[PDB]
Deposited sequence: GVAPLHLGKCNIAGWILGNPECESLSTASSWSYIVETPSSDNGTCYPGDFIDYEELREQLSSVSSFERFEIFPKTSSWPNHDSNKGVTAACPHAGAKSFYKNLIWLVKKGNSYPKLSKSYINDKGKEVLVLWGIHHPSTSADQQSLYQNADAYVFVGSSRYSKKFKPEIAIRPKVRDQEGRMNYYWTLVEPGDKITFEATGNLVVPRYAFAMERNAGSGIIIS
């Protein structure tokens, strides 16, 4: 009963992560797609398929800043997380809906930030885990070699650890980034804990599936 969502030259991954090339509605009956501008930073999108089906038809859809960029991250650098793999108008950039956190000075203190769903609907939260190419990269970016990441809620629980290795160069990158996503129930808290390697949510999406 509603017009479709046209993603033009983008696919769903690039649109929803906010690939700078990918620039609205609150409702659509299906998504029209093409598969090139998706994840400009190479890596894997975990359970990508379920996210497509989950996004195919929606009745309510609002982007909101789950973690304000200038207010959420006092102990870390929220400015340096840009790359040539993700360019925006001739400049190095990054997903609009994520922030690549990076050490401040020469230490990466523990990160612990939470959010409680005060929207009256399911909230879609995305994030990434960065996987550096060398153990030297791991230190320059994150300081800590034993970096870990935990993400929890009432329905989601998972600890992440970086796998350091030399991949073949994709978009000149030897490192990799994995992308995750989960749904946060209307009364639910989501917690983030990290000693590095965490690509942080900035925008998330309040929604209703059809």
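In this chain, the deposited residues that lack C-alpha positions fall in the ranges 24-26, 38-39, 216-223.
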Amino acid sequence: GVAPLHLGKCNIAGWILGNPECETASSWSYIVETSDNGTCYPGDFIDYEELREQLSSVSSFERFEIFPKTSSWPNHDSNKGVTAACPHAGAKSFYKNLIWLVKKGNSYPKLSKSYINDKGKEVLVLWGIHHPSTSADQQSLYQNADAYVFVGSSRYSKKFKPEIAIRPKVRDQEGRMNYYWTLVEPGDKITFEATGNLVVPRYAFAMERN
From here on, numbers count along this sequence of modelled residues.
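Comparing 152-160 with 35-43, the stretch with the higher mean C-alpha B-factor in the PDB entry is 152-160. In this crystal structure, the stretch out of 81-89 and 118-126 whose C-alpha atoms carry the higher mean B factor is 118-126.
Highest CA B-factor among the listed residues (69, 176, 171, 63): 69. The deposited CA B-factor of residue 18 belongs to the lowest third of values across its chain.
Split the chain's modelled residues into thirds by C-alpha temperature factor. Residue 135 is in the middle one. Among all modelled residues in its chain, residue 25 ranks in the middle third by Cα B-factor. Residue 196: CA B factor lies in the middle third for its chain, per the PDB record.
Annotation for residue 111: CA B-factor lies in the highest third of the chain's modelled residues.
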